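Peer 1:
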Amino acid sequence: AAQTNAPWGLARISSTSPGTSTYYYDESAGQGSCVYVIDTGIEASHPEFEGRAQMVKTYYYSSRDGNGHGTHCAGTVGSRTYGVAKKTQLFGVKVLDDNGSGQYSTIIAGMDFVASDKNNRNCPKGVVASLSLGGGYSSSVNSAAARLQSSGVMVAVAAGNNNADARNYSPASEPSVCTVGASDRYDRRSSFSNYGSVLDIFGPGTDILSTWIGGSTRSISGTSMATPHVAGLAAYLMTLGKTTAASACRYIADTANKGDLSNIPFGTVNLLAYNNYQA
Ligand SMILES: [Ca+2]
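Residue numbers for the sequence shown, in the entry's author numbering: 1 to 279.
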């Protein structure tokens, strides 16, 4: 399948070179997989989700996304126009308030919720969790991310926006999950993206168009935006049978475009997520 005039980041993950605008992908499009977006919520009524998104948990007075960040990330995972895995099932877990903030205890509870809740959902091809959030190092936060991965969920986490070594942020610094840095449309490391040996992969993160609240769209930047590209890619690859939740991060790294990014500090992987699709 081919989607013309796609957002640059979708084109980039389906390509060996920058500068094109068509997203190429297998029509299965992540059907039968599930992705949990652990964030500010998801505006499930947005036409772009086509009834495939549901809020399943909140730790606040409402499950509504009053911010937009979570709706944007979910759109990159699985919206019809802006999403990597256009037929996946999206589940929203609101651990961040409408200002985008959250206590670590609430974030931890949200991760352990997903480890259990996946047993309440139909996800024959596998389960992914996308965590476009973080803060300073916390062993408890890292442990929660490791538990979620161990339970059989592919965990993708943002590296952080501190232009610093991600080893000092959580859950970015947990070795067993998939830590995602950000790149721009010219294959530069995004200027804010954290780096370091704990990164596993880069994805598109500068000027990413996706869904927003009020049935709208907008383009924003962050490692928060790169993470759902990798989460959606994992769901897509799991539906195709190419990998599993336990192995997807390594599979993505093994099949990535190698050595094509610029301003990669020494010691950080030079790997850009790639779906390896040949129509
Ligand atoms: Ca890993």
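Every residue, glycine too, gets a C-beta built ideally from N, C-alpha and C.
(1) How close, in whole Å, do the beta carbons of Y195 and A158 come, if the pair is a contact with beta carbons under 8 Å?
(2) Could you have a look at residue 324 and say whether DSSP puts it in helix, strand or coil?
(3) Give me the Cα-Cα distance between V230 and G203, rounded to the nearest whole angstrom.
(4) Any idea if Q278 is buried or exposed, counting beta-carbon neighbours within 10 angstroms, 16 or more meaning buried?
(5) For my contact list, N275 and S79 are in at a C-beta cut-off of 8 Å; report their separation, rounded to the angstrom.
(6) Is it buried or exposed, residue 282, if we count other Cβ atoms within 10 angstroms and call 16 or more buried?
(7) In angstroms, rounded to a whole number, what distance separates the CA positions of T22 and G134?
(8) At what residues does the alpha helix (DSSP H) containing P175 begin and finish?
(9) In terms of residue numbering, what span does the beta strand (DSSP E) encompassing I201 cover?
(10) Compute the Euclidean distance between the alpha carbons of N163 and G214, then round it to the nearest angstrom.
(11) Residues in the same chain with beta-carbon distance under 6 Å from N67, minus the five sequence neighbours each way, listed in chain order, please.
(12) Assuming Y104 is part of the alpha helix (DSSP H), what are its boundary residues?
(13) Give the range of the beta strand (DSSP E) segment to which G126 is assigned.
(14) The beta strand (DSSP E) that contains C34, what's its start and end?
(15) To which residues does DSSP link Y169 through a beta bridge?
(16) Any heavy atom of ligand 1 within a distance shorter than 7 Å of the CB on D254?
(17) For the beta strand (DSSP E) containing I208, list its first residue and its last residue.
(18) What residues in its chain sit with their C-beta under 6 Å from that of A182, if we drop five residues either side in the sequence?
(19) How is residue 318 classed by DSSP in three states: helix, strand or coil?
(20) Under the assumption that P265 contacts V77 (Cβ atoms under 8 Å), give the Cβ distance between them as a whole number of angstroms.
(21) Would you kindly check if the distance between the Cβ of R185 and the Cβ of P18 is under 8 Å?
(22) Checking the sheet assignment: what are the DSSP bridge partners for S216?
(23) Taking 7 Å as the cut-off, does the CB of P175 come closer than this to any heavy atom belonging to ligand 1?
(24) Can you name, in chain order, every residue of its own chain whose Cβ lies under 8 Å from the Cβ of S45, other than the five neighbours on each side?
(25) In the DSSP assignment, the beta strand (DSSP E) including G232 goes from what residue to what residue?
(26) For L237, which residues of its own chain have a beta-carbon under 6 Å away from its beta-carbon, when the five flanking residues on both sides are left out?
(27) Which stretch, first to last residue, makes up the alpha helix (DSSP H) that contains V56?
(28) Ordered along the chain, which non-local residues of its own chain (more than five positions away) have a Cβ less than 7 Å from that of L148?
(29) Whole angstroms are fine: how far does the CA of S138 sit from the CA of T81?
Peer 2: Concretely, from the data shown:
(1) Between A158 and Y195 the Cβ distance is about 13 Å, and since that is not below 8 Å, they are no contact.
(2) Residue 324 lies beyond the range of the chain shown here (1 to 279); nothing can be said about it.
(3) For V230 and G203, the gap between their C-alpha atoms comes out near 7 Å.
(4) exposed
(5) Rounded, the Cβ-Cβ distance is 17 Å, inconsistent with contact.
(6) Outside the modelled stretch of the chain, which goes from 1 to 279, sits residue 282, for which no answer is possible.
(7) Between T22 and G134, the C-alpha separation is close to 32 Å.
(8) Segment: none, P175 is in no alpha helix (DSSP H) and carries neither H nor E.
(9) Run containing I201: 201-204, per the beta strand (DSSP E) assignment.
(10) The straight-line gap separating the alpha-carbon atoms of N163 and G214 is approximately 32 Å.
(11) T40, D98, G100
(12) Its alpha helix (DSSP H) spans residues 104-117.
(13) 126-131
(14) 33-39
(15) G136
(16) no
(17) Counting along the chain, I208 sits inside the beta strand (DSSP E) bounded by residues 208-212.
(18) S190, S193, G205, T223, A226
(19) Nothing in the structure corresponds to residue 318, since the chain is present only between 1 and 279.
(20) In this structure, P265 and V77 do not form a Cβ contact; the two beta carbons are roughly 28 Å apart against a cut-off of 8 Å.
(21) yes
(22) Beta-bridge analysis with DSSP links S216 to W212.
(23) yes
(24) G215
(25) Where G232 is concerned, there is no enclosing beta strand (DSSP E), although the alpha helix (DSSP H) it sits in stretches over 223-239.
(26) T243
(27) Run containing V56: none in the alpha helix (DSSP H); it sits in the beta strand (DSSP E), 53-58.
(28) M111, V114, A115, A129, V155
(29) 36 Å
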